[PDB]
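Here's the structure, in structure tokens; my notes come after.
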Amino acid sequence: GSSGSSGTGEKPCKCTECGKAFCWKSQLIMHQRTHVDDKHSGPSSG
Ligand SMILES: [Zn+2]
């Protein structure tokens, strides 16, 4: 997990289902499409 990236902007929208970050709108509108599954027991977290 190095830091080989650089570029500021704005993240008004962020997916919580998977934890993916997005800056555009249309990008999220379609991101939800693939998200057909429902919240199920698996990712054990605190
Ligand atoms: Zn997602």
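Here, A, B, ... name the chains of the structure tokens in the order displayed, residue numbers run from 1 inside each chain, and ligands are numbered from 1 in the same displayed order.
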
Taking only C-alpha atoms and all ligand atoms into account, which residues are within 12 Å of ligand 1, as a PyMOL selection string?
chain A and resi 13-22+27-39

Let's have the selection written as a CSV table (one decimal), in the first residue's frame, with C-alpha atoms.
```csv
chain,number,residue,atom,x,y,z
A,13,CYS,CA,-20.1,10.8,-2.8
A,14,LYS,CA,-18.7,7.6,-1.4
A,15,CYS,CA,-19.9,4.1,-1.6
A,16,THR,CA,-20.2,2.3,1.8
A,17,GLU,CA,-21.3,-1.1,0.5
A,18,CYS,CA,-17.8,-1.9,-0.7
A,19,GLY,CA,-16.0,1.3,0.5
A,20,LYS,CA,-15.2,2.7,-3.0
A,21,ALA,CA,-14.6,6.5,-3.3
A,22,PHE,CA,-15.9,8.5,-6.2
A,27,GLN,CA,-19.8,7.2,-11.8
A,28,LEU,CA,-21.8,6.3,-8.7
A,29,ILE,CA,-25.2,6.0,-10.5
A,30,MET,CA,-23.8,3.1,-12.5
A,31,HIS,CA,-21.7,1.8,-9.5
A,32,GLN,CA,-25.0,1.0,-7.7
A,33,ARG,CA,-26.2,-1.0,-10.7
A,34,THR,CA,-23.6,-3.8,-10.2
A,35,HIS,CA,-24.5,-3.7,-6.5
A,36,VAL,CA,-27.4,-6.2,-6.6
A,37,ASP,CA,-26.4,-8.3,-3.6
A,38,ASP,CA,-27.7,-7.4,-0.1
A,39,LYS,CA,-26.0,-6.9,3.2
```

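Secondary structure of chain A, helix (DSSP H, G or I) only (DSSP, backbone atoms): residues 26, 27, 28, 29, 30, 31, 32, 33 and 34 of chain A.
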
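Backbone DSSP assigns strand (DSSP E) in chain A to residues 13, 14, 21 and 22 of chain A.
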